[PDB]
Protein chains: 2
Amino acid sequence: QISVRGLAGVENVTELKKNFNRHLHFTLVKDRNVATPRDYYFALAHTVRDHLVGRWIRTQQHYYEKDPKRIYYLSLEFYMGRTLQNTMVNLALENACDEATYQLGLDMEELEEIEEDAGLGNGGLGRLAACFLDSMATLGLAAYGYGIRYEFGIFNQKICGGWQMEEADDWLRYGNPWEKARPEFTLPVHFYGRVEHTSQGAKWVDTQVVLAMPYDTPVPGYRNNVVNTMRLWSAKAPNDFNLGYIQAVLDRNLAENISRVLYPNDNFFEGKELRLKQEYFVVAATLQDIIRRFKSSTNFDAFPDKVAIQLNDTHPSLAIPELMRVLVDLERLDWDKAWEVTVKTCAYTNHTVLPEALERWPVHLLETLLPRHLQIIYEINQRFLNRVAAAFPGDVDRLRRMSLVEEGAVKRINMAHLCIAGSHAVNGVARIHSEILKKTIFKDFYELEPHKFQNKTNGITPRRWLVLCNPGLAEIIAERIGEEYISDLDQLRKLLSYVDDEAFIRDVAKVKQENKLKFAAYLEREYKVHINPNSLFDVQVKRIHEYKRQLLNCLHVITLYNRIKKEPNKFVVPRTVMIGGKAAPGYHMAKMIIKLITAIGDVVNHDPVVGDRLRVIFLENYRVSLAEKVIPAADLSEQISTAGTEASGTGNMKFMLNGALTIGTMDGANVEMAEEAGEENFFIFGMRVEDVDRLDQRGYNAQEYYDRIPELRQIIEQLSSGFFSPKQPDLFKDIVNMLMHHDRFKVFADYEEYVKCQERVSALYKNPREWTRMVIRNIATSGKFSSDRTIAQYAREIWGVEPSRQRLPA
Amino acid sequence: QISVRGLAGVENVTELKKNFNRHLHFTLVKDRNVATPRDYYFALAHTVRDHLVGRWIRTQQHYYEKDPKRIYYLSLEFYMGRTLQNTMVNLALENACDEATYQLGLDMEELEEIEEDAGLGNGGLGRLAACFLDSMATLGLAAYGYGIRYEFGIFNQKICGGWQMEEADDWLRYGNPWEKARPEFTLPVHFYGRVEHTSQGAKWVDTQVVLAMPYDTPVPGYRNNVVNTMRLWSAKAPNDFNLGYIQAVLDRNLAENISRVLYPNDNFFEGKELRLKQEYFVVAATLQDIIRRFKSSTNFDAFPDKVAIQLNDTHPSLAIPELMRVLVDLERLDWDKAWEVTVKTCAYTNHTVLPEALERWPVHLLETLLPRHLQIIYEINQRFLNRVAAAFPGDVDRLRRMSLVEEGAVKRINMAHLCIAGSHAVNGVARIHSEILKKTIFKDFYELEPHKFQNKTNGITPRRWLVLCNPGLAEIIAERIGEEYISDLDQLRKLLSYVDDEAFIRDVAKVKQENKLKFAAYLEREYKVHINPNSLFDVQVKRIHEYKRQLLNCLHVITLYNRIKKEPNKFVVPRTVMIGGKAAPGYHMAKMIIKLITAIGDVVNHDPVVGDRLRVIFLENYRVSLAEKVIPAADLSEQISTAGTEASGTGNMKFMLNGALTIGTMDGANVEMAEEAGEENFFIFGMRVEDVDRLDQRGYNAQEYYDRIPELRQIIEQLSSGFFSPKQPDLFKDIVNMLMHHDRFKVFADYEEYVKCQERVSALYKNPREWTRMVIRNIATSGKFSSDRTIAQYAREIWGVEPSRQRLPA
Ligand SMILES: OC[C@H]1CN(CCCc2ccccc2)C[C@@H](O)[C@@H]1O
Ligand SMILES: OC[C@H]1CN(CCCc2ccccc2)C[C@@H](O)[C@@H]1O
């Protein structure tokens with residue numbers, strides 16, 4: 001149907017059809033008379049999968065022949081989403097499969113909806129890893145993603161009476177056609193035990209063994225015939241485990257629980273033993289695999305020339321002492337040489353400055369679980385502090401500030417300090433974030449080793465986040481500038497010469513309207529909710545946290561409702577306000593905010609005076625597949641975190657690429673986004689980082705704003721008195737109390753400027769032509785935010801490898 | 001190479017080769033340069049599997065069209081063994097695959113050794129179910145095997161210092177190519193809860209739900225294009241199970257433990273809750289599946305015309321009250337009609353008279369786990385006893401003897417009594433066993449309902465147990481009488497006219513010698529043990545239990561050793577004595593017997609005076625795959641249980657078919673075997689059932705035999721004093737004590753006649769021509785013991801269906 005989706009040739013369509021029928025018969029053991037849509041999905045998935053394996057085998061053979069430097073990306077999360085459409089896109093198979101399935105009497109889009117998300121992540125961090133894998137393959141890097149194959153990914157969110165309910169994400173129930181189990185490459189992982197010292201070095205003995213079984217998933221590059229590997233470990237008990245008999249077999253679960261479930265806390269730090277086990281499990285198995293592959297190319301001098309290890313946050317920080325353990329205890333390298341190799345091999349990406357996310361493990365846990373690793377950490381610390389002492393003689397407080405060991409009630413290990421010490425490069429994820437790191441939390445380390453500190457502004461893959469989810473926009477763009485931009489997103493700048501083009505303006509607005517209509521229909525078909533598709537689609541989708549200030553959005557929504565109730569017969573730009581995102585199950589306040597949003601909906605959506613001028617919808621079960629639906633339909637992107645808190649954001653970039661305007665604070669990547677588009681083309685409001693600092697030094701008093709802003713006072717009075725909860729008048733007392741007395745994120749401080757800025761949004765929306773022209777200026781300058789750019793920078797500035805757009809032979 | 005293995009045509013060989021290469025590339029994601037033998041096995045398995053599915057789909061379509069009466073065989077065990085060779089044999093693909101793999105530069109027999117046994121059974125009962133499935137498909141019956149897909153089958157047995165060690169049988173580690181998961185037909189199973197009574201009947205409420213997920217495995221008939229289904233249930237927790245969050249997900253294991261592990265006790269009764277859960281789980285899911293299939297053909301009058309349920313032992317006895325529950329509580333049939341349907345549908349096979357195997361469940365377990373079922377059982381009992389009371393007025397002790405409820409310290413339910421009450425047919429598994437049932441343990445029930453009681457003598461499939469494991473013998477037989485006997489084993493009678501044929505005699509003895517050489521080589525290659533292949537292969541392989549009297553064999557072995565030590569320079573027929581079998585992990589005496597066997601080996605195998613005249617080997621990890629190796633190599637089959645204890649035996653039949661002579665008591669099927677061959681062609685010895693009874697009435701005094709048999713006295717003195725355990729002199733005190741004071745199985749009573757009979761064996765073995773002629777007379781009369789005969793009798797006399805040898809279209 002459309003150009004960007006590839007050719008639908010006669011030979012290819014005929015071949016896909018017969019392979020589809022073959023899989024339905026031989027693979028699924030079905031015939032057309034008993035087959036359900038699910039069976040048809042699987043037949044197609046298997047057909048498309050076959051096209052990957054040829055390329056998969058020769059890519060890995062190619063890496064064996066050419067022996068390039070290998071990139072190992074270690075993450076506890078890979079938020080992959082659905083694989084079918086992505087695979088078709090990257091292999092140029094989408095139109096052919098569309099045709100083949102059409103001729104079989106099937107709708108492909110219907111089949112695509114059957115696939116479960118691979119939900120092996122929480123949000124931003126996990127999705128970044130997934131975008132990164134796509135870009136590394138597209139740029140021809142010999143890269144491997146290493147993680148854990150969780151049996152249960154992020155929970156499915158149900159809303160019951162306005163309250164979040166969790167249910168297990170049993171994503172493997174029907175099987176996963178994309179993975180290949182590799183039980184032959186199973187590796188042992190050691191836990192507990194004790195350390196023995198001998199004539200010739202230390203020995204870790206009396207350990208409990210858990211087996212790590214790998215599952216490989218292919219990662220296709222964009223139309224370059226490169227197929228990389230994501231290897232995920234599954235925990236398996238050894239066959240002599242605990243070997244009454246029956247109980248010993250049943251107790252195998254204790255070992256296998258390691259890979260059972262993803263911690264759903266968006267990596268808020270919870271010092272749980274099971275989480276530490278997960279962290280070591282991925283690290284220990286991965287490093288054995290890395291060394292094995294290296295030896296099959298004694299002299300570890302060349303190790304850093306052939307291996308790069310990227311630590312995604314501090315979660316795999318145990319790679320540093322585990323690499324030391326292997327080189328010193330097993331390979332018998334001396335400490336100094338082993339350390340040199342370790343530092344040159346490892347690099348660390350920091351993802352946030354917020355203290356609640358910082359991993360600080362109690363020493364007593366490491367003592368019991370990983371006794372050899374604790375000894376190595378102590379030695380690293382000692383030698384690191386000796387360097388600090390020599391560089392800044394007599395500076396005793398620097399010594400305690402920089403120590404990897406934190407003293408106090410319970411001694412802890414600061415994993416971020418470990419990572420900086422043991423890595424040759426440390427990067428933040430947006431310019432403002434990387435600057436804050438050097439100025440605040442890692443200032444001491446920057447003073448000692450300034451060369452280590454870098455920035456790598458985050459990005460998103462234009463394959464999934466434009467071509468896949470918004471084919472209509474990808475197509476109208478391709479018509480004017482060709483298809484090259486899909487792997488060279490800087491080419492969207494060429495769209496600036498179409499900002500005064502009346503045909504293009506009409507087409508952009510047309511694509512948006514079609515997306516909005518399609519999403520409005522989806523909401524009715526699957527959730528029975530009615531929305532006006534002519535209203536401004538105002539959307540905030542992201543994990544529920546206080547720093548993201550969903551509550552600030554709530555205050556604006558209520559302001560609009562109160563203003564309508566005051567002057568009902570006055571014209572207001574109609575809005576559909578959509579908010580979605582999961583709360584961590586044990587995060588009481590986050591769950592209360594969800595309830596508040598639904599409670600506002602209950603009042604606003606049923607007021608006859610309001611009509612269809614204002615609607616408030618909580619988007620249930622926000623996840624990658626839903627993101628691909630809601631983002632192309634958005635008009636306004638809410639990016640309103642307190643300045644200095646959102647390290648980067650990536651959702652912001654997704655909205656920019658897809659034709660939404662942004663209302664946001666000068667935080668994270670919002671700053672670079674506004675810089676690229678021009679500030680006149682963004683709706684910036686609120687305190688900057690410097691203003692936040694000034695307020696903290698003076699002392700934040702929320703009562704001041706309440707006293708001086710009558711519209712704000714009314715809302716708080718409404719919340720307190722039970723306007724939004726008639727049967728439970730006191731329901732929101734905790735929210736009000738937090739807002740009034742202990743708000744870390746200064747919601748009231750930005751309220752006035754936010755409401756004012758929102759008025760400016762509504763004014764522009766009244767002028768469709770000028771709205772769309774500003775949209776075009778956003779889309780046209782979104783090029784910097786491709787993960788191809790991000791990964792090219794990692795490659796050249798950290799990993800020391802050259803990206804390549806050159807095809808491998810088909 | 002050989003005739004019985006089918007054709008190796010040019011088109012078929014070329015097609016197998018390309019499909020082999022296709023699976024290696026697309027399915028295994030490998031190429032020849034990285035592939036291991038395991039990969040080659042899987043490529044072949046997938047290639048052969050493809051040939052099944054076409055036939056599998058049309059068989060099940062055929063059953064849907066013709067709507068025949070369906071046979072449901074319910075068992076907690078199916079001891080399937082390996083599937084690859086069996087599939088090739090039944091599809092006539094063996095020579096073609098042999099050729100195809102040879103041309104690819106691969107040895108097929110090597111690939112066949114890679115397959116794990118499907119070890120979902122303990123021994124005789126599980127293997128019977130597996131032979132039965134093969135025969136039902138071969139005889140064209142619309143039959144379904146229903147069981148549990150255990151994650152862990154029977155443990156692997158390791159011998160360490162003469163002691164049995166157990167390790168988990170992780171049979172699914174590398175995947176199972178034969179099964180097809182059917183998550184779409186997942187069914188809910190209910191546990192716990194309570195019973196509510198309403199205006200319109202009882203309701204079972206507040207239950208915990210466990211999901212039953214089916215896996216289907218194909219069962220090919222012999223060369224008839226019939227492919228039946230074995231459906232095995234896997235336990236799955238529902239997604240809202242227990243829904244802190246992490247713990248709720250981890251606690252899913254509690255529900256899923258139901259299908260985790262096979263109880264390895266050879267069905268010695270252990271009243272464990274988990275076992276009861278397993279029993280209900282298979283029953284509840286199976287019956288829902290049966291009713292579903294029946295409704296997709298209101299009027300349950302025709303239910304018994306379209307459905308037969310065979311209860312394999314009492315393990316699935318809960319089918320009776322579960323069927324009543326469904327018909328009464330859910331379908332709202334009246335009791336009397338529901339009961340009529342239940343009785344006409346169900347039939348029960350008893351497998352033993354030994355009390356330790358009898359299932360008698362504590363009422364308090366059923367009260368908590370299955371409260372509605374207990375109420376139904378009580379009602380069945382009440383109505384049953386009213387019938388007893390009317391038939392035998394005033395016979396109060398009959399009432400208590402026949403009750404399904406046993407009173408005492410703890411009240412129990414007698415599951416065997418439930419089965420007789422609720423079934424239209426009850427059968428034993430050999431003529432002597434079925435007679436004992438009517439005369440002893442079920443005498444009261446036989447008096448009430450004589451028509452219910454039947455015999456169905458067990459059998460074995462001649463496909464697995466001749467053609468597959470002994471191709472050399474199958475071939476020399478086919479040369480004389482053709483191939484028809486493979487599905488018509490009565491034709492072996494034609495071999496009687498070759499008993500004086502010098503060429504045939506030479507060939508039979510040649511096949512045996514080749515088998516013995518092959519097995520002697522196997523023992524060295526895989527276990528580094530040296531045996532003389534010119535010795536008499538004296539073998540006893542079967543589960544270790546006191547009733548099977550492995551100890552009687554041990555006493556003979558020691559007698560031979562003592563006789564050699566007394567007269568070293570006197571000629572004795574050389575023997576290799578092989579004993580193998582697993583002991584239940586908690587069965588102390590069985591484990592001590594294993595240790596004794598190895599301890600005897602330690603003394604006998606290293607005595608220079610003995611030389612290679614006597615060897616004692618314990619065969620490690622006895623299982624189906626090992627049976628297929630050792631049975632064709634055997635000269636003497638030990639079947640020496642105390643008369644009246646071994647209900648049938650099936651190992652005995654396997655040895656008879658494969659050219660071994662039998663030394664045995666008049667027990668189980670041994671009686672019918674001797675009757676078929678003629679007693680002159682069997683080595684029968686020892687007490688008959690009647691002699692055992694006489695001894696019990698008089699009182700068994702083991703001391704009498706010790707006092708009067710000096711050779712026996714010497715052995716006991718040797719055991720007691722530490723001759724076979726120098727470093728632990730008292731090691732065998734428990735064995736001696738049991739033999740002397742509490743031997744339920746009268747080992748000493750049969751000692752003299754056994755030793756004497758063994759002398760007669762050795763005498764015949766000295767005359768190779770006369771040994772072989774007697775062998776020919778055994779093989780020639782083994783026809784009755786085909787499971788095709790057994791199943792034809794079940795079909796006609798219990799299930800009311802006609803077997804068919806007619807082909808389905810290919
Ligand atoms: O780098 C990927 C994302 C990583 N996240 C990490 C969020 C960590 C966090 C989690 C809970 C509470 C506070 C902080 C921040 C975003 O700005 C980034 O875009
Ligand atoms: O019917 C299959 C077999 C069933 N077995 C059941 C053995 C049951 C048992 C298990 C432990 C202790 C005593 C008895 C007896 C054999 O004679 C039969 O051949």
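In the text below, chain A, chain B and the rest are named by the order of the sequence lines, each starting its count at 1. Quick note: numbers below take in every heavy atom, side chains included, and nothing from hydrogens, waters or symmetry partners.
Residues A:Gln491 and A:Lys494 have side chains that bring a donor and an acceptor to within less than 3.5 angstrom of each other. With 3.5 Å as the limit, one finds a donor-acceptor pair spanning the side chains of A:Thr36 and A:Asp39. Between the side chains of A:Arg623 and A:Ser625, at least one donor-acceptor pair of N or O atoms lies under 3.5 Å. If you check the side chains of A:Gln639 and A:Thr665, you find no donor sitting under 3.5 Å from an acceptor. Side chains of A:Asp117 and A:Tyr79: no donor on one and acceptor on the other come within 3.5 Å. Side-chain polar atoms of A:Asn658 and A:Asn515 form no donor-acceptor pair below 3.5 angstrom. In this structure, a donor-acceptor pair under 3.5 Å is absent between the side chains of A:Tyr754 and A:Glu759. If you check the side chains of A:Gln758 and A:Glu638, you find a donor sitting under 3.5 Å from an acceptor. Between the side chains of A:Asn553 and A:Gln540, at least one donor N or O sits under 3.5 Å from an acceptor N or O. For the residue pair A:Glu620 / A:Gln157, no side-chain donor-acceptor distance below 3.5 Å is found, with atom types taken as modelled. Using a 3.5 Å distance cut-off with no hydrogens or angles, the side chains of A:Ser641 and A:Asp667 do pair a donor with an acceptor. Side-chain polar atoms of A:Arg55 and A:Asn225 form a donor-acceptor pair below 3.5 angstrom. Using modelled atom types and a 3.5 Å distance limit, the side chains of A:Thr457 and A:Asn455 yield a donor-acceptor pair. With no hydrogens or angles considered, no side-chain donor-acceptor pair links A:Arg543 and A:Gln550 at under 3.5 Å. Of the N and O atoms on the side chains of A:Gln1 and A:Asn95, not one donor lies less than 3.5 Å from an acceptor on the other residue.
In summary, A:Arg506 and A:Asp501 do not engage in a salt bridge, as defined by a charged side-chain N under 4.0 Å from a carboxylate O. Between A:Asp490 and A:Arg789 there is no salt bridge, since no side-chain nitrogen of the basic residue lies less than 4.0 Å from a carboxylate oxygen of the acidic one.
Residues satisfying the side-chain hydrogen bond (donor to acceptor under 3.5 Å, both in side chains) test with A:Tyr40, not counting sequence neighbours, are A:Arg32. A:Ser487 meets the side-chain hydrogen bond (donor to acceptor under 3.5 Å, both in side chains) test with A:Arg805; sequence neighbours excluded. Contacts of A:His46 classified as ring-ring contact (aromatic ring centres under 6.0 Å, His included), with partners at least two apart in sequence or in another chain: A:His23. Judged as a side-chain hydrogen bond (donor to acceptor under 3.5 Å, both in side chains), and not counting sequence neighbours, the contacts of A:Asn19 are A:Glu15, A:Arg22. Not counting sequence neighbours, the partners of A:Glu675 by the salt bridge (charged side-chain N to carboxylate O under 4.0 Å, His left out) test are A:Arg431. In this view, A:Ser535 and A:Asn532, A:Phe537, A:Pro574, A:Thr576 satisfy the side-chain contact (heavy atoms from CB on, under 4.5 Å) rule, not counting sequence neighbours.
A:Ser135 contributes a side-chain N or O that, together with a main-chain N or O of A:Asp788, makes up a donor-acceptor pair within less than 3.5 Å. Listed for the A:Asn767 side chain is no donor-acceptor partner under 3.5 Å among the backbone atoms of A:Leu764. A donor-acceptor distance shorter than 3.5 angstrom exists from the side chain of A:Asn681 to the backbone of A:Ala677, with no hydrogens or angles considered. Here the side chain of A:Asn90 pairs a donor or acceptor atom with the backbone of A:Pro220 at under 3.5 angstrom.
Atom OH of A:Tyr102 is surrounded by 12 or fewer heavy atoms from other residues, nucleotides or ligands within 6.0 Å. Within a 6.0 Å radius of CD in A:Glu770, other residues, nucleotides and ligands contribute more than 12 heavy atoms.
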For this session: Quick one: do A:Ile564 and A:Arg613 satisfy side chain to side chain contact (heavy atoms under 4.5 Å, CB included)? Show the steps, please.
Result: CA-CA 9 Å; A:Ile564 291 162; A:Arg613 298 187 280 169; 3.5 Å; yes
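Shown are A:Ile486, A:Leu492, A:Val4; of these, the side-chain contact (heavy atoms from CB on, under 4.5 Å) with A:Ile477 is made only by A:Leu492. Checked against A:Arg82 for a salt bridge (charged side-chain N to carboxylate O under 4.0 Å, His left out), the options A:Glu115, A:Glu628, A:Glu113 give a single hit: A:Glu113. Partner of A:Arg563 under the side-chain contact (heavy atoms from CB on, under 4.5 Å) criterion, chosen from A:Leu614, A:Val755, A:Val572: A:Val755.
Using a 30° and 60° split on the angle between ring planes, A:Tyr498 and A:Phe504 fall in the tilted class, from 30° to 60°.
Note that A:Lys582 lies outside the cation-pi zone of A:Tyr622, set by a 6.0 Å cut-off to the ring centre and a 45° limit from the axis.
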